[PDB]
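Asks: I have a structure here, written as structure tokens, and I will follow up with some questions on it.
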Amino acid sequence: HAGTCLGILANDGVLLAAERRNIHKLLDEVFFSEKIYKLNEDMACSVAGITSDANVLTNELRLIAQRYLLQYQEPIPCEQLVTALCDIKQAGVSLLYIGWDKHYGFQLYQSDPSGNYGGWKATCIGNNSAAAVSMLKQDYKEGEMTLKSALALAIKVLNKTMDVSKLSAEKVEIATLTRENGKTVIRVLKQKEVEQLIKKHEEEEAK
Amino acid sequence: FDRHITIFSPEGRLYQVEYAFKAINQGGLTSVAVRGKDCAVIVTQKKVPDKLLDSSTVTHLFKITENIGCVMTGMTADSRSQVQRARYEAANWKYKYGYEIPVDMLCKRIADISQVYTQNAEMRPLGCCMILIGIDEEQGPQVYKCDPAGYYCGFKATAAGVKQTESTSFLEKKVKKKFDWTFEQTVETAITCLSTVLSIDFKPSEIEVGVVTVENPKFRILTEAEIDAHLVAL
Amino acid sequence: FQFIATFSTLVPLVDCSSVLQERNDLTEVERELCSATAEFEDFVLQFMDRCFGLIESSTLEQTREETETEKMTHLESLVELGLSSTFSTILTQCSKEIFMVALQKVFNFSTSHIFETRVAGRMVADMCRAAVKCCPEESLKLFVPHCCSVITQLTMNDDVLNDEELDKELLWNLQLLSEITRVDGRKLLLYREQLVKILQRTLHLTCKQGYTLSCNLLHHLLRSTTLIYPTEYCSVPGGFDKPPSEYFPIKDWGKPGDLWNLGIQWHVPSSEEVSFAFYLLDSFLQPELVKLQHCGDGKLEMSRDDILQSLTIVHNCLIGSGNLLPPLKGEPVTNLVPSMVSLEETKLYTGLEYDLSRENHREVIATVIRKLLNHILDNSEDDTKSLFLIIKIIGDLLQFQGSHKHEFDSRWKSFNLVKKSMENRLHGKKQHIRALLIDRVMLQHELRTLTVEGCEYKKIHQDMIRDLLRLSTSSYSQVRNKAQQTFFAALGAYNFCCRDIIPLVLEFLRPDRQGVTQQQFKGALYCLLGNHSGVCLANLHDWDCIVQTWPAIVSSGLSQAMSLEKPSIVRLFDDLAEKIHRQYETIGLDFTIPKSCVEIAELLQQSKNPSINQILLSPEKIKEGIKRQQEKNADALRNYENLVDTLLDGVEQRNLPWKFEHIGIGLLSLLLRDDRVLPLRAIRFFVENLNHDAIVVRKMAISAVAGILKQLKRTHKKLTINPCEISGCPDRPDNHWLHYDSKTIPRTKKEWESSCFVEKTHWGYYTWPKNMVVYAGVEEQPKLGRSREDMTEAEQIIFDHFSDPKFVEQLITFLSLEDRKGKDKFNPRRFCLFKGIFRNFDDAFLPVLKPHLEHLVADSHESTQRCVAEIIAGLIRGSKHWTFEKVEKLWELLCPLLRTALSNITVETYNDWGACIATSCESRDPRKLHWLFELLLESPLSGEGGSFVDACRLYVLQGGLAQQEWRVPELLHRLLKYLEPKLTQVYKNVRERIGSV
Amino acid sequence: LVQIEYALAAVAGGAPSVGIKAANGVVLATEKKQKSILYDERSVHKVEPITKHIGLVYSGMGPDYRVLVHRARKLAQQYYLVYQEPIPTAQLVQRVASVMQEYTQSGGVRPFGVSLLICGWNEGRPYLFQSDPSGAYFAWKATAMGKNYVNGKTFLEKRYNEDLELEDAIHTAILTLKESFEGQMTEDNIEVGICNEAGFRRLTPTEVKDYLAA
Amino acid sequence: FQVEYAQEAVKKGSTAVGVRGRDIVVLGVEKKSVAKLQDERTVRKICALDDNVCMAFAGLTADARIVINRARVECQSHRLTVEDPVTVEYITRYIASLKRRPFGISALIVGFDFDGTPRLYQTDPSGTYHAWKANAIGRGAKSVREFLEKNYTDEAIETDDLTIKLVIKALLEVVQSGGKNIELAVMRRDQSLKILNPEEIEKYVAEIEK
Ligand SMILES: O=P(O)(O)O[C@H]1[C@H](OP(=O)(O)O)[C@@H](OP(=O)(O)O)[C@H](OP(=O)(O)OP(=O)(O)O)[C@H](OP(=O)(O)OP(=O)(O)O)[C@@H]1OP(=O)(O)O
Ligand SMILES: O=P(O)(O)O[C@H]1[C@H](OP(=O)(O)O)[C@@H](OP(=O)(O)O)[C@H](OP(=O)(O)O)[C@@H](OP(=O)(O)O)[C@H]1OP(=O)(O)O
């Protein structure tokens with residue numbers, strides 16, 4: 001168990017919340033795509049594995065997401081991209097998938113390493129998953145959830161699963177996927193916006 | 001099962017590669033090479049084990065190209081097989097690139113073939129080692145050596161076979177006091193090296209000597225009476 | 001090698017031809033032996049020509065041009081020792097005529113070749129080492145003149161003092177000399193002026209293998225001249241060589257080797273061998289100590305490799321001549337444990353005097369290092385290989401007498417591997433061979449050299465372990481790992497050191513410390529996490545140690561330089577917490593030795609047969625011992641209740657990480673005691689932490705509050721039944737005087753009392769006990785319905801929470817979650833939570849659980865059906881000592897409640913209900929629960945809905961009737977009479993239940 | 001994963017190599033000892049170029065390195081034929097570590113007994129990666145492999161500070177090889193390669209002797 | 001040996017009941033609980049193979065999704081070469097021959113075969129397949145099949161009364177009170193495959209409770 005990425009579905013967006021894990025101090029803090037790997041214009045993912053086998057699984061999803069777009073000139077529905085990799089893994093890492101399509105709206109999936117997926121309203125994979133799967137089942141209004149209410153739930157259940165004394169504000173990688181003006185927006189939120197959610201949690205939970 | 005193929009030991013060793021170096025010592029012979037300031041000499045033992053041998057067919061020195069010479073030490077059948085790749089890869093360089101292959105790039109070609117035997121489990125390493133000598137166009141004489149492991153280093157003087165370690169200490173000692181050689185009196189350094197460690201020096205028709213020089217770059221195996229001249233003066 | 005060494009330790013390898021003349025002693029079979037002894041020389045010489053090819057074809061090939069394989073592997077280290085065993089046993093069991101013709105075969109091999117000193121170097125020289133340990137006169141006449149005449153030829157001729165790589169023949173002939181000079185040290189005094197001459201020339205070289213073969217030369221010379229060890233291991237005490245033809249050798253082939261008149265020959269160090277043992281120590285230790293002295297003072301400034309070379313000389317002189325060196329002096333006191341009796345250390349005369357007046361070299365090394373180690377850790381913190389040697393010297397300055405603690409354990413196992421293999425079990429100890437028995441006597445000497453039971457913790461030992469504590473916390477993890485292993489081995493040796501060093505090692509774990517590096521921090525937590533089998537330094541078995549270590553773990557975290565983002569430190573706390581819960585064992589509070597220890601007075605007095613101790617007095621010191629014991633009993637009670645308050649002040653600490661309170665609840669769950677009642681702030685804690693957001697904490701709060709209710713149990717009274725008085729009249733089952741235990745007709749409806757309820761099932765089946773004991777009558781048990789007025793006003797704040805409807809509705813909500821969907825069973829530890837509630841409070845909480853019982857039964861989810869079932873069975877087995885009003889008032893709402901639940905039984909629920917009412921029938925009389933047995937036997941197969949429901953309704957009936965096993969004949973008939981028409985027309989899932997019923 | 005753990009034993013037995021990413025450059029320093037004086041020190045090279053701007057050094061087995069230095073040169077020119085730009089250092093290591101993973105995957109073939117240190121320069125920003133025999137690869141600020149690399153990485157962590165220039169990184173790289181050298185390093189016993197805006201080049205031995213005077 | 005490991009997931013997978021009528025053929029499976037936070041759309045076990053054929057399954061949900069998307073091609077690669085739709089025996093023989101090791105599923109392939117004939121088949125994981133009037137596959141399959149043997153003859157008078165007093169009444173033998181735990185499917189002769197929504201699935205249970 002290595003990653004700590006978790007998805008939460010809302011009425012107006014889905015969000016991945018991965019933590020940036022840095023083992024040694026002399027590892028270079030990469031300024032590239034760190035933890036939330038964007039697949040095409042309306043779908044993103046996150047893996048529970050090492051960043052070398054991530055680049056094999058994501059650049060295979062991106063072949064499927066663009067062999068579809070070459071063939072139909074439409075973006076891939078966010079279950080067929082999940083299904084086509086789960087057929088490849090059926091013939092070794094767990095993933096999450098956030099995305100939007102015109103058929104079933106905002107979607108969240110969780111591919112098992114065996115090749116099985118499922119639509120989740122919120123779930124976790126990786127380090128201390130069942131510690132935080134159980135914490136989401138405590139407090140998740142399954143249908144009455146706004147985006148910021150889902151976003152406050154993410155940094156709540158991340159303050160009880162990772163680290164010490166600051167929730168690792170420069171080492172947590174929340175990305176939200178929303179609809180805005182017809183197109184689809186994927187916002188890896190910035191460090192100033194990720195720090196204030198820690199500030200809006202440490203003020204609200206102490207008071 | 002990590003001793004019957006070329007896979008790693010728990011300590012990180014390839015046992016079949018180490019056992020392949022022991023296959024070089026089964027031939028019972030020893031070759032010594034040495035580099036001069038303008039020359040490069042190889043010297044072997046030429047053991048005639050049967051009186052019915054045509055001794056012209058028992059040799060270990062081989063022409064690879066017109067001006068690259070070789071000496072093979074180890075399993076004799078593996079030795080003729082690794083000559084045949086050096087015969088091929090040196091003539092394939094001349095056809096693809098229009099100039100004679102260096103002794104740099106021929107050892108690196110042969111050693112890259114030998115690495116594949118140390119990584120695929122479906123084939124054994126060759127139990128023999130190659131020492132290539134030759135004159136470069138811009139670097140002078142070169143004396144290189146491949147091994148069953150795949151190492152292709154360059155040498156001032158080298159040895160191979162049963163007396164490899166003992167001949168190295170003779171060649172290290174002469175390469176520290178002086179410049180290890182001068183011109184074609186470098187032949188006298190190598191023949192003393194094979195005669196000191198083997199402790200016979202019986203006849204001048206029991207060795208085989210090959211040379212390349214700056215003034216004559218082609219590889220020429222010295223005859224018996226030509227090699228008696230260096231031994232009567234030894 | 002196992003085959004020939006087990007034959008050539010039975011048969012002497014001696015020619016028999018001068019006995020093959022006219023002699024009437026030889027029988028028909030024995031004369032056939034002596035003629036076959038002409039091939040004994042042909043065996044030994046063909047054993048060598050086969051072992052020389054075994055060596056020379058096993059030399060180490062250097063294939064990779066970057067690295068150097070320096071380790072002999074485990075499969076090759078056995079072949080060294082397998083040829084060191086199987087050749088030294090041939091060549092000892094061997095005549096001197098066959099020896100010396102075989103000595104030359106060794107000498108003409110090992111000196112005409114040059115072997116690689118790694119694999120074939122240890123392996124040829126061991127084969128020469130066997131040639132010298134059998135006749136040290138004739139063998140050393142030709143090896144040490146050969147090797148010393150060629151080291152001085154090949155080293156001191158040129159300037160090969162400073163070098164990069166030695167000549168491989170010079171570097172050969174040191175190992176050929178170093179591993180050969182460990183014969184019996186009396187016969188090395190002939191070569192004093194040759195061995196010292198090469199040590200004064202090759203010990204201060206520059207090649208890192210050149211001096212280590214010279215340090216091994218200096219090591220084995222000191223080992224041979226200060227140790228007591230047997231010199232010969234032959235099967236006959238006279239030997240096979242010194243009386244030739246005086247006795248016939250073919251008679252002693254099956255020699256039983258008697259333990260009396262063993263004829264063992266020893267090597268006790270003479271004053272000639274001891275003064276030479278100090279002359280090597282006065283010419284190579286002291287010149288290597290003054291160079292280390294002036295380097296640690298700042299006045300010599302040696303190189304990084306020059307210190308490294310000098311420490312090896314100091315290490316191989318200490319480890320190697322340690323039998324001559326007394327340990328220490330100084331006696332640190334006034335902080336350790338005080339005692340009324342003697343705590344003197346034991347002393348065992350391992351034979352040597354070591355006059356202790358002249359030098360005492362061990363104390364000088366301890367002062368050079370504490371200056372040298374203070375210089376290295378400040379001026380060059382990167383010299384790793386110097387720090388590894390300082391760990392090796394402090395590891396031998398403290399606990400090295402003449403033998404090693406691990407080499408004894410490997411010879412102890414190698415003896416039992418050889419003794420138990422070849423032993424005549426038919427006739428006793430009288431047939432163990434002489435080569436085994438000599439080693440076991442040496443194993444008795446080596447046991448006495450390591451049996452330091454008591455050791456007084458002295459002031460030098462207060463300093464040398466604290467200097468190891470700096471190296472246990474230093475910058476480099478390679479240095480920390482080696483230093484902690486010496487640190488942990490030095491904690492086990494000396495008496496009360498662990499109380500001195502816990503306050504010093506927790507100084508790297510306090511929040512208030514200003515500058516503490518991350519290497520400083522986690523190096524101190526590998527000191528707590530013992531990571532071995534010897535001493536766990538955070539989980540000691542004393543209250544004065546546990547009241548410091550357990551808070552300091554929880555106090556770390558909340559503020560420290562605790563990098564919780566590094567993954568190794570998270571595995572360290574998860575190992576430091578998981579070692580405590582594995583190793584903790586409950587500590588006493590009352591060490592009250594009973595009055596039945598007149599035996600101790602009968603052992604102190606009047607023993608007198610060895611007892612040279614004429615004191616025999618205790619006038620009022622027995623009152624001082626009682627007074628100090630009651631103070632120990634007071635402080636053990638005091639440090640317990642301070643440990644509870646310091647953890648609760650550390651778990652209810654602001655700005656903790658989450659991972660440090662799960663350890664903190666984890667250390668509070670171990671403190672819940674049976675002889676005491678847990679303190680008030682912890683009773684408030686575990687009840688309020690039943691509703692915690694973390695599922696791991698509230699799973700522990702269930703396991704703790706269930707134990708609090710066991711502590712608050714109110715001790716029901718009992719009485720004794722004569723079973724002849726009831727049943728009317730006075731043999732293994734179902735007696736005539738047993739009919740009242742069998743529930744058929746007379747079940748209690750109104751006059752519930754005076755019924756003699758036997759609770760547990762097995763009573764009175766086979767026979768009756770001497771005192772058959774049941775509970776009391778009506779109201780002699782303690783009163784049930786009570787309020788906070790008549791209550792313990794400190795320990796039933798648990799009453800205040802289960803009456804609050806916000807607490808209960810959050811407790812019912814958390815218990816109906818899903819911890820997992822597959823692995824989700826009837827929890828027997830949530831059951832013991834609710835058994836201890838309704839037993840202790842007697843349904844004072846059941847009107848506050850009116851909706852939360854009726855809501856959960858009418859739910860399709862298997863999470864809530866599992867949640868309610870622990871509460872249902874906890875009601876039933878909590879209703880043991882209830883009044884007949886409360887029993888009827890229980891089942892007035894409970895008998896419609898199970899009929900609802902047994903109607904809506906599912907696939908993921910019938911194992912919960914199959915362990916719900918089969919749990920509730922555990923140790924109860926079948927009288928006291930007939931409401932079940934009139935409900936469960938009502939209609940199990942009259943299926944209102946489906947057929948799988950009727951099978952699950954029958955499986956729950958099975959476990960309840962089986963648990964009241966022989967106590968009911970009637971309901972077994974009523975259920976057999978029910979099934980005997982019905983069993984023909986059912987389906988397969990019911991047939992698999994009826995067959996199981 | 002058994003042979004992969006055993007190939008790392010062949011790496012950790014190999015000669016030390018140290019890589020440090022400076023502010024404006026990357027330095028790759030390694031150990032090139034010879035067993036005898038008979039070996040020509042300048043015949044074979046351990047620090048070895050891939051592009052005009054990428055070089056890589058190893059710790060582990062010699063001949064297994066040349067397979068990876070021959071594939072990394074192909075994969076850098078298969079990029080350059082297609083895109084007509086010098087290959088990003090991030091994209092080169094993804095392709096080299098896919099080759100090293102490809103021999104762990106297929107049976108009958110042992111893994112490489114080689115870890116790599118891959119320097120580079122793209123878009124005015126330096127890069128230093130390390131590819132393992134498992135196929136894993138990690139971005140580093142400074143690391144080390146070979147004999148005594150546990151002592152090397154702790155030595156680098158005390159003497160690293162991201163404001164150092166490239167000339168200051170050549171000193172702290174030779175000082176890292178100095179701690180586990182066991183001898184006297186001349187201009188021939190080590191091999192240094194630096195990678196900056198001007199490209200990758202391995203240092204000529206007369207250039208190294210200026211740095212050995214410190 | 002290897003086929004026996006396939007059957008152990010059929011005995012633990014959810015139940016699948018099919019009967020065959022004069023005019024309509026009905027599948028019905030036990031919709032299990034998913035989780036508290038799992039969207040239960042992607043876990044439906046009644047899949048359509050073509051316009052006149054559909055099947056249930058029980059076993060590994062991974063290896064089922066291989067079997068379905070291979071049988072959905074042979075339903076369409078038939079129409080390229082033949083232009084006629086599959087007989088129900090053709091796609092059943094295709095799935096059985098598709099089942100190295102067999103794919104660990106047991107299916108109830110139902111439908112109509114271009115002459116309006118009702119069909120009901122079963123691919124056991126051994127590679128065998130045969131016809132059925134009514135059948136059961138899954139966790140409580142032995143007792144449900146014993147229930148359907150009791151009731152077959154005079155039920156096919158009305159296609160509504162045939163296919164609730166058998167099919168839902170056979171799931172109610174093993175599965176819960178119903179409504180949210182039954183996924184029921186019904187197809188007429190050449191109309192469509194319709195999965196009944198639980199507003200109408202609870203409608204038919206109320207007639208059964210009466
Ligand atoms: O000291 P060790 O290594 O631990 O082993 C001791 C045993 O352990 P212990 O001394 O109690 O701790 C003890 O055996 P048990 O008590 O468990 O039965 C002795 O048995 P005992 O003599 O009473 O019984 P008997 O004589 O066999 O009838 C000895 O066993 P034998 O060799 O069979 O006995 P022998 O010494 O040959 O006479 C053995 O002496 P060794 O040292 O030679 O192995
Ligand atoms: O009714 P049970 O669930 O079978 O438990 C009883 C009960 O223990 P609890 O206080 O935990 O409910 C008895 O306690 P009392 O009714 O006598 O107060 C106890 O008897 P003791 O306290 O005298 O030990 C007896 O234990 P035992 O069978 O050894 O007599 C024990 O039964 P279990 O040990 O089977 O749980």
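Naming works like this for the structure tokens: A, B, ... for the chains as they're shown, residue 1 at the start of each chain, ligands 1 onward in shown order.
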Could you please extract the residues within 6 Å of ligand 2, counting only C-alpha atoms and all ligand atoms, and hand them back as a PyMOL selection string?
Replies: chain C and resi 715-716+877+923
Asks: Please provide as a PDB file with C-alpha atoms, in the first residue's frame all residues within 10 Å of residue 182 (chain C), with the sequence filter that same-chain residues fewer than 5 positions apart are discarded (counting only C-alpha atoms).
Replies:
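Output file selection04.pdb follows:
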```pdb
ATOM      1  CA  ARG C 129      46.696 -25.874  10.209  1.00  0.00           C
ATOM      2  CA  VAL C 132      50.582 -28.495  12.668  1.00  0.00           C
ATOM      3  CA  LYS C 133      48.018 -29.170  15.394  1.00  0.00           C
ATOM      4  CA  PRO C 136      53.771 -29.170  16.323  1.00  0.00           C
ATOM      5  CA  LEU C 177      51.886 -18.080   8.242  1.00  0.00           C
ATOM      6  CA  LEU C 188      55.923 -21.503  19.590  1.00  0.00           C
ATOM      7  CA  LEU C 217      49.193 -13.244  12.895  1.00  0.00           C
ATOM      8  CA  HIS C 219      45.838 -12.287  17.056  1.00  0.00           C
ATOM      9  CA  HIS C 220      46.491 -16.016  16.864  1.00  0.00           C
ATOM     10  CA  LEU C 221      49.828 -15.718  18.663  1.00  0.00           C
ATOM     11  CA  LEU C 222      48.042 -14.115  21.589  1.00  0.00           C
ATOM     12  CA  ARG C 223      45.234 -16.698  21.356  1.00  0.00           C
ATOM     13  CA  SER C 224      47.745 -19.535  21.547  1.00  0.00           C
ATOM     14  CA  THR C 225      49.564 -18.110  24.571  1.00  0.00           C
TER      15      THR C 225
END
```
Asks: Based on only C-alpha atoms, which of the residues in chain C come within 10 Å of chain D? I want them as a list in words.
Replies: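 For chain C, the answer reads residues 64, 65, 66, 67, 68, 69, 163, 164, 165, 206, 207, 208, 304, 305, 381, 382, 383, 384, 385, 475, 476, 477, 478, 479 and 519 of chain C.
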Asks: Ligand 1: which residues are within 7 Å, counting only C-alpha atoms and all ligand atoms? Reply as a count of residues only.
Replies: 3
Asks: Could you write out as a list in words the residues of chain E within 9 Å of chain C, counting only C-alpha atoms?
Replies: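 The complete set of qualifying residues is residues 33, 34, 35, 36, 140, 142, 143, 144, 146, 147, 169, 170, 171, 172, 173, 174, 175, 176, 177 and 209 of chain E.
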Asks: Please produce an output containing N, CA, C and O atoms for each residue in the selection, written as a PDB file, in the first residue's frame.
Replies:
```pdb
ATOM      1  N   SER E  33     -26.762  -6.879  -2.254  1.00  0.00           N
ATOM      2  CA  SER E  33     -26.356  -5.581  -1.740  1.00  0.00           C
ATOM      3  C   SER E  33     -24.948  -5.266  -2.229  1.00  0.00           C
ATOM      4  O   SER E  33     -24.131  -6.162  -2.451  1.00  0.00           O
ATOM      5  N   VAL E  34     -24.668  -3.981  -2.423  1.00  0.00           N
ATOM      6  CA  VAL E  34     -23.387  -3.606  -3.009  1.00  0.00           C
ATOM      7  C   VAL E  34     -22.429  -3.115  -1.934  1.00  0.00           C
ATOM      8  O   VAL E  34     -21.425  -3.771  -1.640  1.00  0.00           O
ATOM      9  N   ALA E  35     -22.764  -1.974  -1.330  1.00  0.00           N
ATOM     10  CA  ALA E  35     -22.033  -1.300  -0.261  1.00  0.00           C
ATOM     11  C   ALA E  35     -22.869  -0.100   0.137  1.00  0.00           C
ATOM     12  O   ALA E  35     -23.936   0.123  -0.441  1.00  0.00           O
ATOM     13  N   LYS E  36     -22.414   0.685   1.109  1.00  0.00           N
ATOM     14  CA  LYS E  36     -23.164   1.895   1.409  1.00  0.00           C
ATOM     15  C   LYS E  36     -22.916   2.973   0.364  1.00  0.00           C
ATOM     16  O   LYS E  36     -23.847   3.699  -0.009  1.00  0.00           O
ATOM     17  N   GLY E 140     -28.367 -21.055  -4.393  1.00  0.00           N
ATOM     18  CA  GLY E 140     -29.371 -21.977  -3.906  1.00  0.00           C
ATOM     19  C   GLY E 140     -30.064 -22.708  -5.034  1.00  0.00           C
ATOM     20  O   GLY E 140     -31.282 -22.891  -5.006  1.00  0.00           O
ATOM     21  N   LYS E 142     -30.054 -25.811  -6.228  1.00  0.00           N
ATOM     22  CA  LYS E 142     -30.595 -27.160  -6.105  1.00  0.00           C
ATOM     23  C   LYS E 142     -32.008 -27.147  -5.542  1.00  0.00           C
ATOM     24  O   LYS E 142     -32.853 -27.952  -5.947  1.00  0.00           O
ATOM     25  N   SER E 143     -32.282 -26.241  -4.609  1.00  0.00           N
ATOM     26  CA  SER E 143     -33.604 -26.163  -4.008  1.00  0.00           C
ATOM     27  C   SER E 143     -34.588 -25.408  -4.888  1.00  0.00           C
ATOM     28  O   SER E 143     -35.781 -25.728  -4.884  1.00  0.00           O
ATOM     29  N   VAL E 144     -34.116 -24.405  -5.634  1.00  0.00           N
ATOM     30  CA  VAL E 144     -34.995 -23.678  -6.543  1.00  0.00           C
ATOM     31  C   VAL E 144     -35.417 -24.573  -7.696  1.00  0.00           C
ATOM     32  O   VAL E 144     -36.586 -24.576  -8.099  1.00  0.00           O
ATOM     33  N   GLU E 146     -35.653 -27.779  -7.514  1.00  0.00           N
ATOM     34  CA  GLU E 146     -36.626 -28.695  -6.931  1.00  0.00           C
ATOM     35  C   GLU E 146     -37.990 -28.036  -6.775  1.00  0.00           C
ATOM     36  O   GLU E 146     -39.017 -28.719  -6.822  1.00  0.00           O
ATOM     37  N   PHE E 147     -38.018 -26.716  -6.594  1.00  0.00           N
ATOM     38  CA  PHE E 147     -39.287 -26.003  -6.526  1.00  0.00           C
ATOM     39  C   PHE E 147     -39.939 -25.904  -7.897  1.00  0.00           C
ATOM     40  O   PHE E 147     -41.162 -26.022  -8.019  1.00  0.00           O
ATOM     41  N   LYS E 169     -41.669 -16.267  -7.433  1.00  0.00           N
ATOM     42  CA  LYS E 169     -41.910 -17.256  -6.393  1.00  0.00           C
ATOM     43  C   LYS E 169     -40.770 -18.262  -6.261  1.00  0.00           C
ATOM     44  O   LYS E 169     -40.678 -18.934  -5.230  1.00  0.00           O
ATOM     45  N   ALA E 170     -39.905 -18.390  -7.267  1.00  0.00           N
ATOM     46  CA  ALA E 170     -38.728 -19.235  -7.100  1.00  0.00           C
ATOM     47  C   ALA E 170     -37.563 -18.457  -6.515  1.00  0.00           C
ATOM     48  O   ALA E 170     -36.724 -19.039  -5.820  1.00  0.00           O
ATOM     49  N   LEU E 171     -37.466 -17.157  -6.804  1.00  0.00           N
ATOM     50  CA  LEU E 171     -36.474 -16.350  -6.103  1.00  0.00           C
ATOM     51  C   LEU E 171     -36.849 -16.166  -4.643  1.00  0.00           C
ATOM     52  O   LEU E 171     -35.988 -16.262  -3.763  1.00  0.00           O
ATOM     53  N   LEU E 172     -38.135 -15.946  -4.360  1.00  0.00           N
ATOM     54  CA  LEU E 172     -38.619 -15.841  -2.987  1.00  0.00           C
ATOM     55  C   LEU E 172     -38.409 -17.100  -2.171  1.00  0.00           C
ATOM     56  O   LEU E 172     -38.448 -17.023  -0.940  1.00  0.00           O
ATOM     57  N   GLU E 173     -38.181 -18.245  -2.811  1.00  0.00           N
ATOM     58  CA  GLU E 173     -37.748 -19.425  -2.085  1.00  0.00           C
ATOM     59  C   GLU E 173     -36.368 -19.252  -1.465  1.00  0.00           C
ATOM     60  O   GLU E 173     -36.091 -19.879  -0.441  1.00  0.00           O
ATOM     61  N   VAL E 174     -35.498 -18.432  -2.054  1.00  0.00           N
ATOM     62  CA  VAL E 174     -34.122 -18.308  -1.576  1.00  0.00           C
ATOM     63  C   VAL E 174     -33.752 -16.870  -1.210  1.00  0.00           C
ATOM     64  O   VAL E 174     -33.041 -16.629  -0.225  1.00  0.00           O
ATOM     65  N   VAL E 175     -34.328 -15.905  -1.909  1.00  0.00           N
ATOM     66  CA  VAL E 175     -33.950 -14.510  -1.772  1.00  0.00           C
ATOM     67  C   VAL E 175     -34.963 -13.876  -0.819  1.00  0.00           C
ATOM     68  O   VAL E 175     -35.923 -14.513  -0.394  1.00  0.00           O
ATOM     69  N   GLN E 176     -34.726 -12.621  -0.433  1.00  0.00           N
ATOM     70  CA  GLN E 176     -35.405 -11.910   0.647  1.00  0.00           C
ATOM     71  C   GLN E 176     -36.842 -11.543   0.296  1.00  0.00           C
ATOM     72  O   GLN E 176     -37.423 -12.108  -0.633  1.00  0.00           O
ATOM     73  N   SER E 177     -37.440 -10.628   1.071  1.00  0.00           N
ATOM     74  CA  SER E 177     -38.825 -10.211   0.848  1.00  0.00           C
ATOM     75  C   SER E 177     -39.045  -9.593  -0.532  1.00  0.00           C
ATOM     76  O   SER E 177     -40.167  -9.624  -1.049  1.00  0.00           O
ATOM     77  N   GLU E 209     -47.965 -12.251  -2.512  1.00  0.00           N
ATOM     78  CA  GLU E 209     -48.272 -12.237  -1.085  1.00  0.00           C
ATOM     79  C   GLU E 209     -49.757 -12.427  -0.812  1.00  0.00           C
ATOM     80  O   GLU E 209     -50.119 -12.936   0.254  1.00  0.00           O
TER      81      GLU E 209
END
```
Asks: Considering only C-alpha atoms, extract the chain C residues located within 9 Å of chain A and return them as an NGL selection string.
Replies: :C and (557-559 or 562-568 or 655-659 or 693-696 or 813-814 or 817-820)
Asks: Pull out every residue of chain D that has at least one atom within 10 Å of chain A, counting only C-alpha atoms, and report them as number ranges by chain.
Replies: D: 20-21, 90, 94, 97-98, 127-129, 131, 134-143, 153-154, 156-157, 160
